[PDB]
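Letters A, B, ... are given to chains in the order of the sequence lines, protein chains preceding strands, and every chain is numbered from 1.
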Protein chains: 2
Amino acid sequence: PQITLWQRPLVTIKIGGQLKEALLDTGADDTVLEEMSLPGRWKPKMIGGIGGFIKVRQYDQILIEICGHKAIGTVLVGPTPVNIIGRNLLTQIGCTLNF
Amino acid sequence: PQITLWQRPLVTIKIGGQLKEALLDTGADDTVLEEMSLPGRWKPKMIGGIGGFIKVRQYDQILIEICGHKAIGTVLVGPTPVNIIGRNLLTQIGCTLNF
Ligand SMILES: CC(C)[C@@H](c1ccc(Br)cc1)c1c(O)c2ccccc2oc1=O
């Protein structure tokens, strides 16, 4: 739908058989979620943010239903304050900025 | 205009008599810019991001021309990797998410 920026742009994702909410982030190149159980293998990886650098697990080819749309990409799991859906997934569900 | 998410959503702001580019961030509640000279008074403030917490200067009532639109808000100046225009300013220039 159309979403104004008066409140945090929050959205219900379904991931790895579980329900969660997550922040729509056009600032973010990648998708990062707080600590949660996911099947398969991962790779130790590191990202940077405002504060500094954090160390994540990389899962690839993880199916996510964002507000009822399908998408499949790399999801980084770690020590984030917020659930970030960035641009790798944003493009799939067909998202844009209008102003 | 309309902006796809295939590349980082970068935009030319004019601030404190200078030109710079900055990242359109719907994830960000506030606007934070790297270290630069601004007139007036400020307050020592602290924010959090992925990585951790950083310490900023707060300037209030700073006029910014984002892609040729006027806006006046709180701008936090500090040690960010990127120039962030978040939601405090986003709303002013009339921004939305469409998907
Ligand atoms: C929730 C964060 C992940 C997010 C954020 C940004 C500003 C503020 Br105030 C609060 C949060 C965030 C990015 O969207 C980001 C984008 C590009 C580069 C670095 C980045 O660091 C970040 O912390």
Side-chain angles (χ1 to χ4, degrees), chain A residues 2-11 21-34 47-52 54 80-90 95-99, chain B residues 1-5 7-16 18-36 38 42-99:
Chain A
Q2 178 194 313
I3 307 178
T4 63
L5 294 176
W6 293 105
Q7 287 179 126
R8 277 161 127 188
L10 295 180
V11 100
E21 334 200 61
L23 215 182
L24 273 24
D25 208 357
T26 57
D29 305 325
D30 278 271
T31 306
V32 187
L33 326 137
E34 57 195 8
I47 57 170
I50 291 295
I54 54 138
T80 181
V82 208
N83 287 328
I84 295 323
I85 321 274
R87 315 172 18 242
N88 76 324
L89 293 198
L90 294 183
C95 221
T96 63
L97 287 175
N98 303 278
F99 81 94
Chain B
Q2 178 194 313
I3 307 178
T4 63
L5 294 176
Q7 287 179 126
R8 277 161 127 188
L10 295 180
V11 100
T12 316
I13 71 166
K14 183 196 177 181
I15 189 99
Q18 56 211 291
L19 298 199
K20 295 174 175 284
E21 334 200 61
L23 215 182
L24 273 24
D25 208 357
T26 57
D29 305 325
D30 278 271
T31 306
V32 187
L33 326 137
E34 57 195 8
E35 270 278 17
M36 64 162 306
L38 274 189
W42 59 267
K43 319 201 238 119
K45 173 180 178 180
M46 282 164 72
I47 57 170
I50 291 295
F53 69 85
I54 54 138
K55 241 206 155 187
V56 304
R57 290 167 211 161
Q58 185 176 340
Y59 307 72
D60 304 36
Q61 301 179 345
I62 309 303
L63 178 55
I64 330 221
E65 308 179 39
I66 305 86
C67 226
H69 303 38
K70 291 141 203 124
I72 291 193
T74 296
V75 151
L76 315 175
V77 185
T80 181
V82 208
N83 287 328
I84 295 323
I85 321 274
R87 315 172 18 242
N88 76 324
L89 293 198
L90 294 183
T91 55
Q92 288 194 73
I93 51 122
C95 221
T96 63
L97 287 175
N98 303 278
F99 81 94

Exercise: identify the closest heavy-atom pair between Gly49(A) and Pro81(B): O-CG, 4.2 Å
Distance-only donor-acceptor pairs under 3.5 Å for side chains of residues 52-67 of chain B, two or more places apart:
residue: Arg57(B); atom: NH1; partner: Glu35(B); partner atom: OE1; Å: 3.3
residue: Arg57(B); atom: NH2; partner: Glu35(B); partner atom: OE2; Å: 2.6
residue: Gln58(B); atom: NE2; partner: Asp60(B); partner atom: OD1; Å: 3.4

Closest non-hydrogen atom pair between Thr31(B) and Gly86(B), with its separation: OG1-N, 3.5 Å
Please check if any side-chain donor atom of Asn98(B) sits under 3.5 Å from a side-chain acceptor atom of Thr96(A), or the reverse. no
Suppose we screen for side chain to side chain contact (heavy atoms under 4.5 Å, CB included). Which residues come up paired with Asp29(A), at least two apart in sequence or across chains? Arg87(A), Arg8(B)
Mark yes when over 12 heavy atoms from residues, nucleotides or ligands other than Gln7(B) sit less than 6.0 Å from its CD; otherwise mark no. no
CD1 on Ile84(B) to CG on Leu24(B), rounded to 0.5 Å: 9.0 Å
Roughly how far, to the nearest 0.5 Å, is CG of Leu33(B) from CG of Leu23(B)? 12.0 Å
Do the non-hydrogen side-chain atoms of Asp25(A) and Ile85(A) ever get within less than 4.5 Å of each other? no
Taking the side chain as everything from C-beta on, heavy atoms only, tell me whether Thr26(B) gets closer than 4.5 Å to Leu90(B). yes
Return all side-chain donor-acceptor pairs below 3.5 angstrom for residues 70-80 of chain B, not counting sequence neighbours, or 'none' if the list is empty.
residue: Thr80(B); atom: OG1; partner: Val82(B); partner atom: N; Å: 3.3
residue: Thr80(B); atom: OG1; partner: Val82(B); partner atom: O; Å: 2.6

State whether a side-chain donor-acceptor pair under 3.5 Å links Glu34(B) with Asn83(B). yes
